[PDB]
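Engineer: Here is the input, now give the coordinates:
(4 chains)
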4 protein chains.
Amino acid sequence: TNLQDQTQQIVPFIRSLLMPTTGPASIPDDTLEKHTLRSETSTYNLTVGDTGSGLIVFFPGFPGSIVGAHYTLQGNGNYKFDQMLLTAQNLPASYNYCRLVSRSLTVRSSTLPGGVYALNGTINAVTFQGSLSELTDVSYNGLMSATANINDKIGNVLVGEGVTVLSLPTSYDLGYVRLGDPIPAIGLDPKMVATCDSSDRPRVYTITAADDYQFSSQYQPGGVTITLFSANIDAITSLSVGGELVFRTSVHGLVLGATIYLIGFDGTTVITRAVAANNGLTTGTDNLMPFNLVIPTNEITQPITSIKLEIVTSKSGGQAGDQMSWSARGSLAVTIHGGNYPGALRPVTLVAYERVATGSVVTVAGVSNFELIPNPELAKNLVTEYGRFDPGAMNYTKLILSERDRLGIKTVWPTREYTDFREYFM
Amino acid sequence: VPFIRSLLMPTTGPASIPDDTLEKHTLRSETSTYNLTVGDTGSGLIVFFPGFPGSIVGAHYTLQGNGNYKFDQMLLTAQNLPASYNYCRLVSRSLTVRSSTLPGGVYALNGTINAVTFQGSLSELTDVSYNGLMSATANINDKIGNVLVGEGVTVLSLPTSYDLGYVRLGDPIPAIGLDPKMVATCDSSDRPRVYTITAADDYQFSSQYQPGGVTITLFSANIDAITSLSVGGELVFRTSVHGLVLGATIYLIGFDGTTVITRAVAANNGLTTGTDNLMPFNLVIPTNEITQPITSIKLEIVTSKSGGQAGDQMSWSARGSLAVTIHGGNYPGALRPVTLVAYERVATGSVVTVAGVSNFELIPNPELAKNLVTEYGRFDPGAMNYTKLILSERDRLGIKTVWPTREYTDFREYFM
Amino acid sequence: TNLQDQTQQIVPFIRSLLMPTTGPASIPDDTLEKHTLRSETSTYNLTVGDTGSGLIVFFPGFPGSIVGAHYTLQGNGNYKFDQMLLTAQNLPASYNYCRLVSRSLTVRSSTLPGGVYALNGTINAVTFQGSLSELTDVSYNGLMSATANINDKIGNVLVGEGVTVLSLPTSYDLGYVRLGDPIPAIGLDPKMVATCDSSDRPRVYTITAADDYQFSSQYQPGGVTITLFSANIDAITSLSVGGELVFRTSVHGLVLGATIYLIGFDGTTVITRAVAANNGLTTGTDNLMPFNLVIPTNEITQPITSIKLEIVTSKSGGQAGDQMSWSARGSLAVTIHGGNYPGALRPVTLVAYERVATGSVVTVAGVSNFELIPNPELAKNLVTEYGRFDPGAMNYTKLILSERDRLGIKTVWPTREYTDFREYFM
Amino acid sequence: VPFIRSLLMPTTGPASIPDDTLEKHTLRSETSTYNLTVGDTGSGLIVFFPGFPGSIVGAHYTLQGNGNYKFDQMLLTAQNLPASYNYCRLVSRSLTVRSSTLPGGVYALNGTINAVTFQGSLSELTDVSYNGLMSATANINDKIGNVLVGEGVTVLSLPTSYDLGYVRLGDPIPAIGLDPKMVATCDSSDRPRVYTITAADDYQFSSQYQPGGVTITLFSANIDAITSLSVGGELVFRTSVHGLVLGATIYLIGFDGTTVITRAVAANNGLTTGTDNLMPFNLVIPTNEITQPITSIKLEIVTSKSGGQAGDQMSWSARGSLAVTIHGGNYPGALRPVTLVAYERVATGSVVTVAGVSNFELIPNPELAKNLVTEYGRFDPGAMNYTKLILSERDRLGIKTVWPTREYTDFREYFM
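Structural biologist: Numbering: from 1, shown residues only, chains lettered A, B, ... in the order given. Okay, here it is:
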């Protein structure tokens, strides 16, 4: 395939929705705003590990320049993070706002490593209607029993034929999200950043960590470490943590220390942020540590599945054999900025492969169709205008999406079936 | 259809928006008039907020004999909307700026007008000068230049988005306290705008001891704010020199560069060596003390060591991230469409006249909802498609946002 | 006049060269290169002084955002720098290269203050084929003796009529000019700038400052200051000073210091840079101070007219009325980076106004057409392409400019003669 | 062979450029061939200079197991042209990147190619990865994606400018010296590129005493060099502490992060209290020390204290600005047009074959000019207008700078 950008190719909405490789249109709905169309590609040659198996989490509907992430299944039974898939152009560096019109990806392996003379490999895929940590079984086999819809899952497509991910809409009449763009700033630190993050429709978890949890342990050198909770969260962008815990004690000479851990999908620790240090407890008094954590977007290198609180307690001068004890009563509220905008976390497409030869490649190639608002430096030079009026396009989209089971339009295609559906729709 | 009559001619009256937000409301229309005296250089800037749901129409700035501006006042509406209403929604707005002096001869008085419609907020502009306004947009019909003040400029509010919820105005809720200066309101909160400022990344600071302490500015960053704001986060300090005392102060800086609000965030933090020291940030700033618009934020750090020897070294190391939250910031209209009207060197003793009409979809507070009847919008089919068609053909029909006023009179007679 | 910005309107080069407010065209020549067409306005309400007189020094042909400079005239016959006349869009912020296509300015004072019944003022205006500090007589009457051509000057134009300035070409087949564009760079100092300068066709002034020059004076406490030379130079953008002076003496214990001044058009010192610091001398041996100066563009707030070198000599062990003496032999060079580009300094138009009523205005309004090359952030999002082919345009331009004394085409027009010429050509 | 045939098909044979530059010369055609060995990950980056007037074709980089790159070699033409010629112009150039590995079965081997043509230099690219190449331009005839290595890509050189003079090849001049490894050349001088870096604008430094001193990096900036450069300017150091001494070093960093060239700029430079202290910069970097192209530059000041004591204070403050002249840097083709061809994950045991042909107009050195005849160019009127007619209508005819090899083969067949 000889890919070219289609951003000067004017197209109706109904073609650009189902065939996103044609070019961008604008979304016909009640949001009237001056904007700019841009069609953006993404080309990858993913590497096959030593077992032949993997997992390609796709994020269809994401209103920005993240497509997904690739993982390699290790030999012991775990996953290991390879890289996050992106789009071609870094969209925060030139545009403030964004809104996804359509998207289509293509996963295929057909090109025979150097000492190999036969082709091997199969593909299972679904489209799960929740976030990545919400999914209960992420195997190759158990991936299929994730949804009850027939059209949202496909089974044992050969890896040479390939699969095709199609982005069906999560909503309309949506607002433009704010891309995480730098704002002008000067500081004494040369590696100082400041961004304007995506903030409309946030996601808030609340975690009751302890409701009078009694602690009891003996003295040890260096302290005693427990883990107060290990709840699951969902994060591709920035996030903040708030709340408190309230401590009571009857033993003198205790100091406290807490830390927050953010664990990725593959199980490794992504971020360690210290919370308390040299926090001396006083008996007969509700004393407390507050939680004021703000984690920026660039700290996140891979997606995040869980969050964890470890607390290190140690007596100052007991030194031999004595008790240590405290109680905890508090609640904390984790806020994910822009977590409930439909598409940022909600539809998750998983494409897993098996049996593919070691050292072979799995080629992922796609094209995204956005609509944007420029930043102050690019708006001096580029023209924005309202969308071209087309009546009866929204009704025809509602018609197609309502009568979808009999027309056989699916969000996860075999490539040979998507191709002659496309040629019939031509 | 009465909606494009109320949209292209907002002095005619209000009409309800034909979209799918079906809520009981009442239509009200409110005027804003001002006779603006002119400065000693004759020049200045009028920033407009045309899509803004609320009483705030604009802001006035006068340009000094230097290059810097000076805040004059805030252009508001006739009556206060949060004193009698809870929710609000903008239908349309028109705003005329003219010099009401009328020369008695043939050659006119001094002063011309530039007028651009910038598609981002106020602090995102690069050049705010009179010449430098006409770079800020590349659209042919969002800017007009070199228009005489005797003719005038008229500013129109074209939509930024439809299907928008009603926004809560900054209305007083019933509250009692011991301080007679207590103000408790219910601010606009839907669609926040959040900044994240990684201020320090293992930054080191070293200085000689001085009496009183050494003050540095850790960062400065451009943010936009007209209403309630909040700062939260944490800086983390490590040191090895004993006996340091830390104190931080936040700042909010205006469009004229003058400091609006100073809040001492941390005071008398004593550092401990070999541990991990905390300076957590907890600020809420109410709307009632935002006197002018806010353009940037600053953070100053003042460190000092008890003991007092002139050869002493003080040193610490910093890392952290802080987050600034603008409540109701990413609502379309509250900050993003900004119209600037700059007049240069008008004659001394001249009067510049601002006069307009705004049209609303309001919802009354409970003491006045005993007397006002609210009801659903009057249904007309095809108003939305005809609005979409007229705005799709905006370039060929010559519908602008700023213009000369006589061109708008010729447009208005041709449209009626 | 209600100015609008026409860059979306194509035009031939003959209509854009003679009537540059119509729109931008592409220069037909053998410089074949992908570019974008950009046309820019510039509007000013200049303030008249207390005497009513002044001067407007334009720069027709400058390949950048600098149009000119305004100087008011003081009550004691001196001048005083008001401001720089610039283009609306800062072109180095978003473009890297630049050629000028056309330009057309208009000076006019039709409006008058609130109580005044009558309108005063007359204009002289000349086009001078040399640089700014080469002009010998800058008086109101002495402008007319700056050129011998019928069409490069006009006098006694009433200020309510106005004067129009048109830039006829100085050359063709010129390369583009590297604008003073910002660079990606990080440093410790937060107010760090680093630019890529205009450097094609530089200008060199060499100055033999001394040739066995003998100094002798009595001892004053602190030393005496003497001015070794001063010379007329020409600089708007960055320049460099390089060279060396070699000192030789026979009096024990002397301390030398040197400082370089740069003077504006009005006489005030723009830039001071020290060259020698405490620089002790040695008897019986030639010892030397070198010159290594780099002046960036943003240090220069007004056009530079002369350069000066003051040398401060001193004696460490003070004694009442003893002799001090030295000798000098050295030559230093000044390199105005990109000074010899035809248009950047070589033609200058001066528009002097007299007897305008005080407190009134003088209004400068123009249109400048360019051909530019975007920066790496804007070339992601803007289409650039080759110029439009029209044969015989270059020959017709050469014919028009060969017979300009017969056809009556001039650089300095009076207004409404340009209007009836414009309506006849249209 | 005419010019318009030699421009679009450079394998045909060389012609001379029809323009107003009449000079006795001789025209020439050179062929360069490189069989390339693919690294362990399988990916890399070939960076072509499609308009370079001399005999430097490109540079191979290899992507490692981490994110880093490694320099392989500078790809060159067949003969070293500065050994035998003085001056040059480039007429045309065409290069071809594919694998000559000819699969036996039905399916092919691993490997794809991206390719873009970027209109600025190499250190001006924001993202240089495989995926991030195809964002670097907006023209659809300057980028292509997922091209198989079995098909391959083809790079064509279209003009950046015409009516440009010759450039001096870096030929050696006759010289004698005591040192046997003495190099003296005459290199490219016309149309320089000058950078101005205000390195410190009243910066202030403060630190404790340490043995060996404290090293701090003053600035870092992205420059461009394939041939010789120089550095000039000063720094004025003000201090207040006795016994200080300074020493600086300028590093030139390659495209892969590796330090290419280090030069001691000043050393054992003592500071005097209360006066200015000048540290002038005078560096000349010849062409032969540059092995891989330079994309960055640093300055690192090592402060120290004479007669030092533990825990003792040392501090200074500096101002100054610097100049960096790249000789022959603003000449069109030396640095400004750059074509990048990135290949990813080619199969194990496969070779990538860079092979092409370049056409020149050359003037010999005086040892070879006594045996070749040099003459004026051939006269063909209308070749320049026909060239302009082809290039002005480039999108309707579909003439690209990067081609698939099969589509350029089809173009070549129906252009014969």
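Engineer: got a list of what the residue of chain A positioned farthest from its centre touches?
Structural biologist: Residue farthest from the centre of chain A, counting by C-alpha atoms, centre = their mean, is residue A:320 at 48.8 Å. Going by C-beta atoms under 8 Å, 6 or more residues apart in numbering or on different chains, residue A:320 touches residue A:219. Using the backbone N, CA and C atoms, a C-beta is placed for each residue, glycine as well.
Engineer: give me the number of residues near the residue in chain A that chain D sits nearest to?
Structural biologist: In chain A, the residue that lies nearest chain D is residue A:3 (3.5 Å; C-beta to the nearest C-beta). By the measure other C-beta atoms under 10 Å in any protein chain shown, the count of residues near residue A:3 is 20.
Engineer: Run through the residues of the stretch 201-350 of chain A sitting next to chain B.
Structural biologist: A:202, A:238, A:240, A:242, A:274, A:276-278, A:290, A:292-298, A:337 (C-beta under 8 Å from any C-beta of the partner chain).
Engineer: change it to 10 Å
Structural biologist: Residues of the stretch 201-350 of chain A found near chain B (C-beta under 10 Å from any C-beta of the partner chain) are A:201-202, A:237-242, A:255, A:257, A:273-279, A:289-299, A:335, A:337-338.
Engineer: start to end distance for stretch A:191-210?
Structural biologist: Chord length of stretch A:191-210, first to last residue, is 39 Å (C-alpha to C-alpha, to the nearest Å).
Engineer: is chain C contacted by that stretch?
Structural biologist: Yes - Stretch A:191-210 reaches chain C (C-beta under 10 Å from any C-beta) through A:191-192.
Engineer: picking that back up, OK, contacts around the residue of chain A closest to chain D?
Structural biologist: For residue A:3, the contacting residues are A:21, A:41-43, A:88, A:365-367, D:114, D:134, D:143-147, by C-beta atoms under 10 Å, 6 or more residues apart in numbering or on different chains.
Engineer: repeat that for 8 Å
Structural biologist: A:41, A:43, A:365, A:367, D:134, D:144-146.
Engineer: And for residue A:98?
Structural biologist: A:63-64, A:91, A:176-177, A:179, A:370-372.
Engineer: try residue A:262
Structural biologist: Taking C-beta under 8 Å, 6+ apart, we find residue A:262 in contact with A:235, A:269-271, A:295, A:304, A:306-308.
Engineer: ok, back up a step: mind putting the contacts of residue A:98 in TSV, secondary structure and neighbour count included?
Structural biologist: As requested, the contacts of residue A:98 are exported to TSV (DSSP: H, G, I helix; E, B strand; the rest coil; neighbours: other C-beta atoms under 10 Å in any protein chain shown):
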residue	secondary structure	neighbour count
A:63	coil	23
A:64	coil	25
A:91	helix	25
A:176	coil	23
A:177	strand	24
A:179	coil	24
A:370	strand	26
A:371	strand	22
A:372	strand	22
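Engineer: Quick one: distance of the helix or strand hosting residue A:365 to the chain centre.
Structural biologist: Here residue A:365, judged by DSSP states H and E, is contained in strand A:361-374. In terms of C-alpha atoms, centre = their mean, to the nearest Å, the centre of strand A:361-374 is found 16 Å from the chain centre.
Engineer: Please save the CA atoms from that strand in PDB.
Structural biologist: Provided in PDB are the C-alpha atoms of strand A:361-374 (Å, rounded to 0.1, in the frame of the first residue of the first chain):
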ATOM      1  CA  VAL A 361       6.500  -8.400  11.900                       C
ATOM      2  CA  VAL A 362       2.800  -7.400  12.500                       C
ATOM      3  CA  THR A 363       2.100  -4.400  10.400                       C
ATOM      4  CA  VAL A 364      -0.400  -1.900  11.700                       C
ATOM      5  CA  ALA A 365      -1.500   0.900   9.300                       C
ATOM      6  CA  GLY A 366      -4.400   3.300   9.600                       C
ATOM      7  CA  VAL A 367      -5.800   6.800   9.000                       C
ATOM      8  CA  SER A 368      -7.600   9.100  11.300                       C
ATOM      9  CA  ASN A 369      -9.900  12.000  10.400                       C
ATOM     10  CA  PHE A 370     -10.100  14.800  12.800                       C
ATOM     11  CA  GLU A 371     -11.400  18.400  12.900                       C
ATOM     12  CA  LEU A 372      -9.400  21.000  14.800                       C
ATOM     13  CA  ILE A 373      -9.000  24.600  16.000                       C
ATOM     14  CA  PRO A 374      -5.500  26.200  15.500                       C
END
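Engineer: Listing partners with orientation, what would you give for that strand?
Structural biologist: strand A:36-47 (antiparallel), strand A:95-108 (antiparallel) (DSSP bridges).
Engineer: I would like the residues contacting the helix or strand following the last one, please.
Structural biologist: Read it as strand A:95-108. Sequence order places strand A:122-128 as the next helix or strand after strand A:95-108, per DSSP H and E. Strand A:122-128 has contacts (C-beta under 8 Å, 6+ apart) with A:60, A:107, A:134-135, A:140-141, A:143-144, A:146-147, A:149, A:152-159, A:162-163, A:165, A:347-355, A:411-412.
Engineer: tell me the angle strand A:122-128 makes with strand A:95-108.
Structural biologist: Orientation of strand A:122-128 against strand A:95-108 (axes from the mean of the first three to the mean of the last three C-alpha atoms, to 10 degrees) gives an angle of 140 degrees.
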